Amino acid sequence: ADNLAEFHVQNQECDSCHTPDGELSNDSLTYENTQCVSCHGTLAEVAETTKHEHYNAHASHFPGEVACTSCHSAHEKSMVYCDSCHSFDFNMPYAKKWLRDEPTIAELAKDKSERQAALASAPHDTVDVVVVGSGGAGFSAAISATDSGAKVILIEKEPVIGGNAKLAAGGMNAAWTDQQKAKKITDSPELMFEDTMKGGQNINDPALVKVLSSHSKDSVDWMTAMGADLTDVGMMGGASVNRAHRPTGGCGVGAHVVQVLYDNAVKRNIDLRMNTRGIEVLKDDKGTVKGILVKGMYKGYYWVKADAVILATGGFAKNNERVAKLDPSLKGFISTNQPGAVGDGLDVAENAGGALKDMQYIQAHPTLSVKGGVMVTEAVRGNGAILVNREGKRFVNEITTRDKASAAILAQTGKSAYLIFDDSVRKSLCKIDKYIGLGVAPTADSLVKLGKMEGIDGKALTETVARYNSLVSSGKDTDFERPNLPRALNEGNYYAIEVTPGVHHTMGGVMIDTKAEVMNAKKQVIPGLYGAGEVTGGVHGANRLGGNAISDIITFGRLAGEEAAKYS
């Protein structure tokens, strides 16, 4: 058979998958996926049949309930979503090679016919607030607006929830939390504010940073009340004290937070629509929001009538063409991002009259795995790993800010470096076992053997770790002035991960005020239009601190949902 439907129809009727009249149920394909599940089992049940030692197409780190049709289309060959970041050896029936070619908002102007028809029609729904994007900011806005008495529709353009937020590792920054106090950590919102402003080269809007620092404990409390575990508190770069909150043992914060948000949205019966892209914010004759034109992948264009629209669409770090025009030093770099993080939400914001700011400030994460092409968490360094070059020497304070760390790594021989750590570090950070599972953390019982394995000077490496451990013992790094030396690298075996910078986060975006209201170039509020999360500019300035993006998206998403509900 040339496609999945053709295979099935050999001994099944059309209505084995389809509704009675044949119409597709909705853009989430709810009815149709339910039919797949009726015969094949849930995703977890299918996964039992497709195990590999170190990976499983049907059991991944993605949170929520991942629809079968995310990867298996019926009437045409389809792509494995995992192929957008990994190259696992898969044999999905009716597969085709991964290729993302999504039309820009500007290109969709070609749908002049179809869009005019939609807008000429009755609104498909009439609600209070539409939230665009199912990352942490969008789910937070949808939940908060719903709890404030608003009727919400949440849309997501991708087939799966969670955006980049589901990928978050190292943590959510906050001070001064119960969780920190329980771990004998002393902090303050003031110190978080100070670290943040300094970290951003004082480019950040201080009014927005004050919201970030002052609301941070409340946001940790809010997540925790919803069921999140944020009890482990680690160190990230450019921070005065440990304040990156994450689940027990140092497991990934992002999948967890997104799962909690998803479960809470399902509990509230929030209308979530997948494969549904926000295209154009609609405004009335006085320039206030009146709704939004969307494009359903399966059901076509339609509009929703609403008082408020909350853009929670994330960044553009996947779009290297747009990135390179703003910061040429990042041209041709690999990205840490999900395939849809291309900035189409900003185009929607600008078309609605929103001004952008700080667009030139784009962060490279200092440590993408060269072998795996995925982010390796800064928490590996926070929990005690060092960086060495091919000469086997330290060369940077491994917990400095990301601008400085990235530059340092790029300055080394081969424009890459190695994370080096032992089993004490490994055991301290649950997330590290994921890199071992991915195959990107080669190991040996001596540094000489590891060095020979990886092309690092083995004797120099050995002497480097001895010297470093000496500095840990004496309590002062006189070589690179690293201010926190949590662990000696001296238990069990040693690991190396080859790392290099990758494009990671866009600090610029739509201009908002402290109420998450989008403003035009005249600094005038556009009534009914809100922005929250990485889509906004002004929060992070010239360099974002690790841990501060998850803090941002929960704080600003929650605030936006409450403000939108009040606005009405």
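One-based numbering along the sequence shown.
Look at the C-alpha B-factors of 64 to 72 and of 38 to 46. On average they run higher in 38 to 46.
Comparing the deposited coordinates for 100 to 108 and 317 to 325, the stretch with the larger average C-alpha B-factor is 100 to 108. Out of 398, 344, 481, 358, it is 481 whose C-alpha atom has the highest B-factor in the PDB entry. The PDB entry gives the largest Cα B-factor of the residues 229, 457, 83, 128 to 457.
When all modelled residues of the chain are sorted by CA temperature factor, residue 371 is found within the highest third. In this PDB entry, residue 351 carries a Cα temperature factor that places it within the middle third of its chain's modelled residues. Per-chain ranking of the deposited C-alpha B factor places residue 549 in the lowest third.
Ranked against the other modelled residues of its chain, the C-alpha B-factor of residue 560 as given in the entry falls in the lowest third. Split the chain's modelled residues into thirds by C-alpha temperature factor. Residue 141 is in the lowest one.
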